[PDB]
Amino acid sequence: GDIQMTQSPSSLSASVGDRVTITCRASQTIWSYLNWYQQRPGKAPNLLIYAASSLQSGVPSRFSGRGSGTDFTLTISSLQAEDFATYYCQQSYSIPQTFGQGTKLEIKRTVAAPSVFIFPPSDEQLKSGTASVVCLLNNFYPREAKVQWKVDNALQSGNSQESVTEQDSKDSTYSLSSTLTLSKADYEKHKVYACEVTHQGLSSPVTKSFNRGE
Amino acid sequence: XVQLXXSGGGXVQXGXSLXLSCXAXXXXXXXXXXXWXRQXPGXXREXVXXXXXXXXXXXXXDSXXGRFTXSXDXXXXXXXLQXXXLXXXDXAXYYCXXXXXXXXXXXXXXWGXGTXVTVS
Amino acid sequence: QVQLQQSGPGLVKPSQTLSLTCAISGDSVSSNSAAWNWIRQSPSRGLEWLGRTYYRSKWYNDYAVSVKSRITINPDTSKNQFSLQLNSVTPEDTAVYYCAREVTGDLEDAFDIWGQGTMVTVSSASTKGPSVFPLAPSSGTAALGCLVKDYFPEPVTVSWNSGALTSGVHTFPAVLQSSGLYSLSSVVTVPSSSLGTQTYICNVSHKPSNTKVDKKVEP
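Reading guide: rules and limits
As a numbering rule, every chain is indexed from 1 in the order its sequence is written, which need not reproduce the entry's residue numbers; residues that lack coordinates are not presented. Numbering of ligands from 1 and lettering of chains from A proceed in the order in which they are written. Values shown for side chains rest on all heavy atoms present in the structure; no hydrogens or waters enter the calculation. Residues with missing side-chain atoms are left out of burial classes, side-chain pairs and their counts. Where helices and strands are cited, they refer to DSSP runs of H or I of at least four residues and of E of at least two residues respectively, numbered from the N terminus. We call two residues in contact when some of their heavy atoms are within 4.5 Å. For the area figures, the Shrake-Rupley method with a 1.4 Å probe applies, and any residue is considered shielded solely by the protein chains shown. For this count, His and the chain ends are skipped, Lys and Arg are scored as positive, and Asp and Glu as negative. Just so you know, the charge point we use is NZ for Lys, CZ for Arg, CG for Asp and CD for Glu. Here, a disulfide means two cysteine sulfur atoms that sit within 2.5 Å of each other. All amino acids are sorted into three groups, where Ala, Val, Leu, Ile, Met, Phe, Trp, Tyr, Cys and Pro are nonpolar, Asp, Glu, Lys and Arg are charged, and the leftover types, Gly among them, are polar. Residue ranges labeled as domains rest on an automatic or database domain assignment. In protein, a polar contact means a hydrogen-donor-capable atom and an acceptor-capable atom, both N or O and within 3.5 Å, with residues adjacent in sequence counting only if both atoms are side-chain atoms; elsewhere, any N or O pair within 3.5 Å suffices.

- Per the PDB entry, the recorded name for chain B is Anti-Kappa VHH domain, and the organism is Lama glama.
- Here the PDB entry title reads "m971 Fab in complex with anti-Kappa VHH domain".

- For chain A, the name recorded in the PDB entry is m971 Fab light chain, with Homo sapiens as its organism.

Have a look at this one:
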């Protein structure tokens, strides 16, 4: 690069209906040569605003932009759930063209405790020599949760991994998976498989369990 | 459930030596082969050595033959990799894995998290 | 309607050449009001402009200094496309690569059309296609899904009932397993009353290995 674009804040949470304004500053003047993009998970950045204040065709009018020189802002007038995204500014004043580091906008919503599900390994996987036991925490908010594995009533460590979805574009919740991976031999040496879930919306932990072979 | 933990990695200069350890928890290593692999950024996870059950021998990759030595201590549930005459090309994360197949086909279900070795 | 269609392999061995192509629909690669750009994105370095090619009575190129010694971006007027060639790649070149149209006019200088992106992994490891196992609904709302295990490189995509089922689907980001292979799950919630009468099929695609697998998930 040469011109450095600095966005602020780096992240924020705001509720549906809130007025949101994010800031982009250039390390030297770029006059009017500033664009804003929205990037949803798994997708290319989508152009929102060009030349500081012009709204791109097809972009909802709740988006607006202001500024010139070194200081620019992007405003969403009344936030909607689908506005969850990372927002980038970018200068086209001179080569190399450079982007800000992004502002990650989370939609703040009311607390929702997870719905918990447990899945035994499939027969076909077991035939292949491995066992994956999956615990699903569905449609919860906020994102923080604790998932513990108990095998024959004994807490486990070291054989599990977690993944969390990006925030849902319609109900602003998260979902989380925890996968316990064993060899087929080890899976068949235990009876009870349990997933225990803690979340700020739960007065006490919730457990889902199954007995192998039932 | 088996948990493997490698240690002993670090920085050494060319010609130097390191000894890695891989401690297993939750099943005996005595009944199974234990292998060392290594992965440098951008490269495939490369086989380094395997220590089979006592009396069933140790085998090595071309790249390390005559410089590395794998050994086992069943009573400590731990295997080791003695690495001598190190060279820059040996720089990688080193992993241990247990072969779940008693028949030695290399069913590597459980892997350690790795220990970093840098030769510079 | 202007569209950009990206093609090219998403696995490149270290020291070899990354080659991607951007096919243009609805505009001309020789347009004097556009420039044809490549931009990449990584978690460590964000969005990085790589370079562009454009025609103004003559073909021009601009390249980012950090890749100039290795990069080539050439037009193909007969096929109406443009290419990216990046020589001698290293793991620092692992990133998602996008092509983009830069409008260059009186009122605008911006990237208004983007390709779909190509996930590029710099690795000498071979491709491995996934295995697909069911997450069967348990014995109100029910959850079911598909476990997509042991593939390389990223990505896999999952649909349900060939795209007819979208409500309630959650497809998780891939996890790097301790073996160095990726896995992910995709789940969906449906009415528990719908289990004995409705069919649910996950459609799994792993383009690096040319893998396509359907799996019916049943109680």
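Topic: the overall build of chain A
Stage number 1. Summing up its helical and strand segments, chain A has 2 helices and 19 strands in all.
Stage number 2. Of the contacts formed within chain A by residues at least 6 apart in sequence, a portion of 59% connects residues at least 24 apart.
Stage number 3. Of the roughly 9900 Å² of accessible surface on chain A, a fraction of 44% belongs to carbon and sulfur atoms.
Stage number 4. Across chain A, the centroid of the 19 positively charged side chains sits 2 Å from that of the 18 negatively charged ones.

Let's talk about the state of the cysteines
Stage number 1. Between the sulfur of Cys 135 of chain A and that of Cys 195 of chain A lies a disulfide, 2.0 Å long from S to S. Sign of the S-S torsion, about -75 degrees for the bond between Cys 135 of chain A and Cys 195 of chain A, identifies this disulfide as left-handed. Taken together, the residues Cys 135 of chain A in strand β13 (residues 130–140) and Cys 195 of chain A in strand β18 (residues 192–198) connect sequence positions 60 residues apart.
Stage number 2. Through a disulfide, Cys 22 of chain B is tied to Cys 96 of chain B; the S-S separation comes to 2.0 Å. Taking the torsion about the S-S bond as the criterion, the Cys 22 of chain B to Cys 96 of chain B disulfide, at about 70 degrees, is right-handed. Of this pair, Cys 22 of chain B sits in strand β3 (residues 18–25) while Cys 96 of chain B sits in strand β9 (residues 92–99), placing them 74 residues apart in sequence.

Concerning the interface of chain A and chain C
Stage number 1. If you look at the interface, chain A gives 40 residues, while chain C gives 35 residues.
Stage number 2. Listed by contribution, the elements that provide at least two residues to the side of chain A that touches chain C are β4 (34–39), β5 (46–50), β9 (85–91), β12 (115–119), α1 (123–127), β13, β16 (160–164) and β17 (174–183) of chain A.
Stage number 3. Here the residues of the side of chain A that touches chain C are counted per class, giving 17 nonpolar, 19 polar and 4 charged.

Some points on the domain arrangement of chain A
Residue and element names in this part refer to chain A.
Stage number 1. Assigned domains of chain A: these are domain 1 (5–108) and domain 2 (115–211).
Stage number 2. With 8 residues of domain 1 at the contact, the number on the domain 2 side is 7 residues.
Stage number 3. Counting residues per element, the side of domain 1 that touches domain 2 draws most heavily on strand β11 (residues 103–108), at 3 residues.
Stage number 4. Here the side of domain 1 that touches domain 2 is composed, by residue class, of 4 nonpolar, 1 polar and 3 charged.

Description of the interface of chain C and chain B
Stage number 1. On the chain B side, the residues contacting the 9 residues of chain C number 6 residues.
Stage number 2. Partitioned by chemical class, the residues of the side of chain C that touches chain B number 4 nonpolar, 5 polar and no charged.

Re the environment of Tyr 54 of chain C
Residue and element names in this part refer to chain C.
Stage number 1. Inspection of the secondary structure assignment puts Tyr 54 in strand β5 (residues 46–55).
Stage number 2. Along the primary structure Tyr 54 and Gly 129 are separated by 75 residues, whereas in three dimensions their C-alpha atoms are 39 Å apart.
Stage number 3. Among residues more than four places away in sequence, those in contact with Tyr 54 are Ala 34, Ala 35, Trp 59, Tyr 60 and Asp 62.
Stage number 4. Within the local environment of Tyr 54, its side chain forms a polar contact with the side chain of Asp 62, the two groups lying 2.7 Å apart.

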